[PDB]
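Notes follow once the structure below has been shown.
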Amino acid sequence: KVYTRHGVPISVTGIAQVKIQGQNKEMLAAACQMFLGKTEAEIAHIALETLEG
Amino acid sequence: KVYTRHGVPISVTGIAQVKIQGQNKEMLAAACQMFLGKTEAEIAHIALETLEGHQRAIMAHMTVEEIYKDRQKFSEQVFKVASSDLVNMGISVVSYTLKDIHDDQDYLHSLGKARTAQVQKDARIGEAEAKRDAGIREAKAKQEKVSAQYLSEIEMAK
Amino acid sequence: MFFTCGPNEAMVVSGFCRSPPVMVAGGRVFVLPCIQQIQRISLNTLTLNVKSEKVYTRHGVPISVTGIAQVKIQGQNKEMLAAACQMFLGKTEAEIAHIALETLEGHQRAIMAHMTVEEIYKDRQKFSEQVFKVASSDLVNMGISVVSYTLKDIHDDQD
Amino acid sequence: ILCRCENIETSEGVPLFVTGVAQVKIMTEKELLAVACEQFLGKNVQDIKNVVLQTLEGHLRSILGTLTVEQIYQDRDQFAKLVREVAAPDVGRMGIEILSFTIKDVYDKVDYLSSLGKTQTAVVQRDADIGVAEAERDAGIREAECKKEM
Amino acid sequence: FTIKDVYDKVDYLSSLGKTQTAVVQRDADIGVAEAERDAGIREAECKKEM
Amino acid sequence: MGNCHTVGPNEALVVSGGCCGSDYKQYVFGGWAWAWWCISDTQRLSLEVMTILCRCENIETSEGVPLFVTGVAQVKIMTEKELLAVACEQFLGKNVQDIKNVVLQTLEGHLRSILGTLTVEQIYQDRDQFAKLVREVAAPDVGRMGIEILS
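Protein chains in written order, with PDB author numbering: chain B, 54 to 106; chain B', 54 to 211; chain B'', 1 to 159; chain A, 52 to 201; chain A', 152 to 201; chain A'', 1 to 151. A prime marks a further copy of an entry chain.
Below you can see the structure in the form of structure tokens.
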């Protein structure tokens, strides 16, 4: 039920490959306290909803 | 079945908070021999009947209108008359109030009918002014709509 | 004997040679169990669903509204805390909730009367300010503070 | 306590039903405190409630009698002061203080109140309807115009 | 000494209050009719304009 | 008798009473602490991100028109000692479900307010203005709870 510049709707399946920037110790540390102890599936549901926005 | 300055009746539930003036040893001693050994319930029935007398008197000394509106003047009149009598009993009323004021006859319902009638004007005038504008606009809308339809249909015929 | 409480609670100790009761928020106190008594109060916030139905406005028109409030005790002010403490000591969070709920509706009803429907739904910011301006001073005498006020619902059966 | 009041009368006689609410405590000053103790030491909170309730209704009924319906539901600020001015000096003699007083409900069996809002029911209807019709103008004209051109 | 009740089997007492029953009725009724004036006129007026 | 307690970076541990005095709170956020069985109690709170579906129904807008909207919020306890302490006082000894239920109501308030200030077009299209407005109005309010809406 999407909308566009001219309101017209669409139905779309986008695909994304999320990864944690482990290479940056800063960013890794920042993300770590957000996801420590959480499963890959739990992390997936959390991330999914942000992307749709 | 009360009566007033103009005889008209009323039914009223007044409330009173009686206490003994223990602070005055004189009054306490005076009241003590009246109630020593008596229960709070027995003391209550004795006191209750005295208060009604003063109520009945004040009610007769007032109009219905003053009785419900002027509750302050009522309470003052009640204390002015009832206090001096109860003091001889060594009893004091902390406070007096009215919990209820009614009757089966329409006296009371009458005074507010003025407002029913006033607000009915206001409502009726709002409704009519508004519906008036609605009809005014709708009519003016109808004009161009039907006129343009015919003016266009004329070209279709041509 | 030592007694400890979390930061979410305050301990009040009264007894022998401790006539002015000692009040400690999130700490430890040495107490004589058989000669001194300890009482507690929860410092937690309560999310109150402050309903209103059959309301009226500046133009009398009614509304049905569900306001929400976050009450908390100003534990930070020892004065206000002490003042509120004797009002709620020994009472449960649920009992405190029913007591607070009814006060808030009064201010809601008043602000609603002081506003139009349009302002009530559009101008939620002005509404909240008016609510705090009027309701804060009263609740402060209760030693209670509203962290925040909001409107969850605004409706009526009339068009 | 919920200080209910029923079949009231007002400054213009009109009746009402009101649910008032009071927040109350024993006055925490030794003189007044001692005075209050003499009423309830050895007695229950339910006893305290039952006694206090009647006093509040008195002043409530008095203030209502002195005000109009509008003032009653709208002028809550004046109402509260008036409740503080009249009920506090009286109840204060009992050694008890009304911390705060409020109105939880304003209602009656008769239509009085409901009438005051009709005015704006019609205001918005009128604005809406005008809009509807002036859209039909726009639509009907252009629709008609297109048919010509085709 | 006080009086707790005043009554009788015959209507005597009841008559003394009728006077004001009628006073307030009269005031009320006048009001009702003078509101109908106001209403009826404006209602009638709106119908004209429409 | 005393115990050694190890704490992860994701947890705020509060210990009341200890080697520095009577009337105090000991503040810990990862690492470890020493606790005496009857001289100091130990209580923990999670510092992790919590996210929620902030639904809103039968809305009204800048031109009155209603809507139904499903908003989503990513939120966490503010990781600064002042705000952190302030937040702990609401949930130490309480659940994530309790945190969710409380927070949800606050967001809906600001959401309903912002929606009331905007048109349908702005609402579905101007997501960028909407998000800023959500940051401008909801953050200073919810920030007083010691909680931050990450996005």
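Built from N, CA and C at the ideal position, the CB exists for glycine as well.
Please go through the same chain and pick out, in chain order, the residues whose beta-carbon is closer than 8 Å to the beta-carbon of residue i, but skip the five residues on each side of it.
| i | result |
| --- | --- |
| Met87 of chain B'' | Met142, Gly143 |
| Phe16 of chain B'' | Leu32, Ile35, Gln36 |
| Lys78 of chain B'' | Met23 |
| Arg112 of chain A'' | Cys56, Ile59 |
| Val49 of chain A'' | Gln74, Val75, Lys76, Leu150 |
| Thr47 of chain B'' | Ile68, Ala69, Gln70 |
Residue i: beta carbon under 7 Å from a heavy atom of the ligand SAM?
| i | result |
| --- | --- |
| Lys54 of chain B | Among the components of this structure there are no ligands whatsoever, and the ligand SAM is therefore not found. |
Within a Cβ cutoff of 7 Å, which residues of the same chain sit near residue i, ignoring the five residues on either side of it in sequence?
| i | result |
| --- | --- |
| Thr79 of chain A'' | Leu47 |
| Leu81 of chain B' | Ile73, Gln74, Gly75, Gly143 |
| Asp153 of chain B' | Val65, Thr66 |
| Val61 of chain B'' | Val117 |
With 8 Å set as the bound, which would you pick, yes or no: does the beta-carbon of residue i sit closer than that to a beta-carbon of chain B'?
| i | result |
| --- | --- |
| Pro140 of chain A | no |
| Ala173 of chain A' | no |
| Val65 of chain A | yes |
| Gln97 of chain A | no |
| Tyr124 of chain A | no |
| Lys160 of chain A' | no |
| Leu167 of chain A | yes |
| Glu185 of chain A | yes |
Express the C-alpha separation of residue j and residue i in angstroms, rounding to a whole number.
| i | j | result |
| --- | --- | --- |
| residue 202 of chain A' | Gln171 of chain B' | Absent from the structure is residue 202 of chain A', since the part of chain A' shown begins at 152 and ends at 201. |
| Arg188 of chain A | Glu208 of chain B' | 19 Å |
| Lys54 of chain B | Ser64 of chain B | 6 Å |
| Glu129 of chain B' | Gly109 of chain A | 13 Å |
| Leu164 of chain A' | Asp159 of chain B'' | 55 Å |
| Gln74 of chain B | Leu104 of chain B | 17 Å |
| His155 of chain B'' | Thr57 of chain B | 31 Å |
| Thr51 of chain A'' | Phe30 of chain B'' | 42 Å |
| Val13 of chain B'' | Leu43 of chain B'' | 17 Å |
| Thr70 of chain A | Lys160 of chain A | 14 Å |
| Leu83 of chain A'' | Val28 of chain A'' | 14 Å |
| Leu67 of chain A | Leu167 of chain A | 15 Å |
| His59 of chain B'' | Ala176 of chain B' | 12 Å |
| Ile120 of chain B' | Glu136 of chain A | 20 Å |
| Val50 of chain B'' | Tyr149 of chain B'' | 10 Å |
| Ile123 of chain A | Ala183 of chain B' | 29 Å |
| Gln129 of chain A | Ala83 of chain B' | 45 Å |
| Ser163 of chain B' | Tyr158 of chain A | 19 Å |
| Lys81 of chain A'' | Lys81 of chain A | 44 Å |
| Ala33 of chain A'' | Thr4 of chain B'' | 16 Å |
| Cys85 of chain B'' | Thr61 of chain A'' | 43 Å |
| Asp98 of chain A'' | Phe91 of chain A'' | 8 Å |
So, helix, strand or coil for residue i, using DSSP?
| i | result |
| --- | --- |
| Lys91 of chain B | coil |
| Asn77 of chain B'' | coil |
| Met145 of chain A'' | helix |
| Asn58 of chain A | coil |
| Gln36 of chain B'' | strand |
| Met1 of chain B'' | coil |
| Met50 of chain A'' | strand |
| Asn44 of chain B'' | coil |
| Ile63 of chain B'' | coil |
| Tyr121 of chain B'' | helix |
| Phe30 of chain B'' | strand |
| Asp98 of chain A'' | helix |
| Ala69 of chain B | coil |
Would a check of beta-carbon distances place residue i closer than 8 Å to chain A'?
| i | result |
| --- | --- |
| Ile73 of chain B' | no |
In its own chain, which residues sit with a C-beta less than 6 Å from the C-beta of residue i, not counting the 5 before and 5 after it?
| i | result |
| --- | --- |
| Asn3 of chain A'' | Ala35 |
| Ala135 of chain B' | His107 |
| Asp123 of chain B' | none |
| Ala100 of chain B | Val71 |
| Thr106 of chain A | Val142 |
Quick check on residue i - is its C-beta less than 8 Å from some C-beta in chain A''?
| i | result |
| --- | --- |
| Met87 of chain B | yes |
So, does the CB of residue i fall closer than 8 Å to a CB anywhere in chain A?
| i | result |
| --- | --- |
| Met209 of chain B' | yes |
| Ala113 of chain B'' | yes |
If you measure from the beta carbon of residue i to each beta carbon in chain B, is any gap under 8 Å?
| i | result |
| --- | --- |
| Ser151 of chain A'' | yes |
| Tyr27 of chain A'' | no |
| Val14 of chain A'' | no |
Counting contacts by CB-CB distance shorter than 8 Å, is residue i in contact with chain B''?
| i | result |
| --- | --- |
| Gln129 of chain A | no |
message = As an exercise, report each continuous beta strand (DSSP E) stretch of at least 3 residues that is fully enclosed by the segment 130 to 200 of chain B', in chain order.
response = Within the segment 130 to 200 of chain B', complete beta strand (DSSP E) segments of at least 3 residues are found at 144 to 155, given in chain order.
query = What runs of the beta strand (DSSP E), each 3 residues or longer, lie entirely inside the segment 58 to 86 of chain A?
reply = Qualifying beta strand (DSSP E) stretches, in chain order: 68 to 77.
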